[PDB]
């Protein structure tokens, strides 16, 4: 059967451009335990400091960009405490930083795209760094001078899987509207999660060792004008799933003192149980049986999950190379991390000179996760260089 094309697009949604951005201020992981326990007026917790040093080393992270400088933490002491009233201050910082960080990634992705920004018809904006009314989607539209009639989808506090959610949303936006060009932006920061240590809570210390700040921006569109636009990936399928027996695995309570996490269940064992059949379902219409015949993007929120998954699928160590790079160089930047990894993968493919944007392979899987327990899964097709 056939249908009249009408106002709709012919082909699959394509990633047409991608860039990233980070705050200027970063911290090397090897200096962070000293910086963290100094500025949170907490050097006295000497045994906890030792525990944190051990955790920070095992995160295999090297640096993390962070809006929060010593000076800003000085001008907002409540944020540095473990649990003091501080939501308005965190959100004042989100308003001064999150749309601006998004605009820096967006400007670079639009520059690569090479088209006028009045051709952008949709914005998808994800952040867990501050609930704003009007949203960071609004602030970015103003800072960028986008059409006032852009169709915006503002996604607050989905958590870490929202990079997948952004692609899943952009897919239906682009395919159902002919000509539609979708700016996708995930702009993340620890502004809600950052706090001092307490011996009573260690599910808060692990969070201080990993989360960092960054924004990714993409252009997503179908029916590319192949003489002005160069597709980078195709978004072929995009699905969401609640994993069985995962109730309250990841919970985030937003309080007077900001965002407070609670991690009772074994996240690795949950992923390890379920990842294979999820990915088998994603790969089903490709006829790919070899796990190392596809490129890989896994949200790196827990390093152990990468290792255990690498082992289970007996992946070549080179597969998770883009993923492990972003982890080491940037940390967990919430929903943005998987889009950084997509970008590093595209860049490492062109640098090392391989046949496809997907490292020579044809198909690829994007796998992200967070509260639910929720998994987002995207099936990607590379393009030839």
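Residue numbers count along the first chain shown, from 1.
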**OP:** Would you determine, from the values in the PDB entry, which of 276-284 and 232-240 has the greater average C-alpha temperature factor?
**Re:** 276-284
Subject >> Mean Cα B-factor comparison, 149-157 or 78-86, giving the higher one as deposited >> reply: 78-86
Original post:
According to the deposited entry, which of 164, 264, 135, 130 has the largest Cα B-factor?
Top reply: 264
Subject >> Member of 203, 256, 104, 188 with the greatest C-alpha B factor (per the PDB record) >> reply: 203
**OP:** Please rank the C-alpha B-factors of the chain's modelled residues and tell me whether residue 327 sits in the lowest, middle or highest third.
**Re:** lowest
Original post:
What third of its chain, lowest, middle or highest, does the C-alpha temperature factor of residue 312 fall into?
Top reply: highest
Subject >> B-factor third for the C-alpha atom of residue 346 within its chain >> reply: middle
Subject >> Relative C-alpha B-factor of residue 297, binned into the chain's lowest, middle or highest third >> reply: middle
**OP:** Relative to the other modelled residues of the same chain, rank the CA B-factor of residue 270 and answer lowest, middle or highest third.
**Re:** highest
